[PDB]
């Protein structure tokens, strides 16, 4: 019941319906960097799986469990709450692994596992790492992890960097200005211009971009999944101090993430950086309401505060100022209403 107490029923319904589609599973599977890196992380750390007990949190089609099986896992508990659980069972039988993979339909916060596991595996990451709040389910499942146990992924580093994108900033007002007309089919729309601007600026922009728009080395916030607690992700305060590498108008912050699989043999990384090939996580950009001018050598400092909501998302609050000028800007954004951009 930890899941249903932090999540509106209306949101859980839609969430699980979405991951219940094969088309969606196929998308995730066809991302070769994602699928291949998970496989590489598990198989190259075979000693972390050989004759071990394994929990796969939100197994979907089962693919990560099959990898754990390839690596030599004695026993794998594959938990999945969507109707995809049925399809995972089918694959476990057709691949003759009924003696090693047990699919358990339900939420990991609600099901009973019969024993403690040596290692947990999952793909719980959303946009800017935290969105969809499955990282809480992943951490929750540590109640089943032996003390010496491991987690794959082991850590997550959400990166934050300032960007310049005059054209993105301008789009907002250009769109909002639809309403700034005194006779649209004889109707004066202009009283709504302000509300339109607000709405557009509350949407985090999900797409990719040229790394040339980044104005400073990114700042890293690390969650270590071995030590973290579920509750650590209810309120996430990310302080930042950027040392500006380029002079210009900073229109917002860009977000991406890495996770690392820290095994006994080696550490394997999965990156969603804009310097790396595009994943189904893209990148995320949050605009400031007002651009901040900064010179190369200036510091831009502030806080990104993420406050978990009952729609399995975050309210994002960003405050920033150029320390050498005192010019400051903010923005409050809702990751439950992202703008998926094609410009």
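So that the term is clear: the rigid core is the largest set of C-alpha atoms that superpose within 1.5 Å between two forms. Positions refer to the first chain, counted from 1.
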Quick note, superposing on core in 9 other deposited structures of this protein and taking C-alpha RMS, the more shifted stretch of 289-297 and 41-49 is 289-297
Core superposition done, the stretch whose Cα atoms deviate more in 9 other deposited structures of this protein, picking from 199-207 and 183-191, is 183-191
Of 249-257 vs 112-120, the stretch with the larger average CA B-factor in the entry is 112-120
Averaging the C-alpha temperature factors as deposited, the higher value of 173-181 versus 82-90 falls on 82-90
Of the three thirds of Cα B-factor ranks in this chain, residue 51 occupies the highest
Chain thirds by Cα B factor, record data; residue 306 belongs to the lowest
In terms of its chain's C-alpha B-factors, the third that includes residue 57 is the middle
Residue 186: C-alpha B-factor third of its chain, per the entry, is the middle
Residue 32: CA B-factor among chain residues, third -> highest
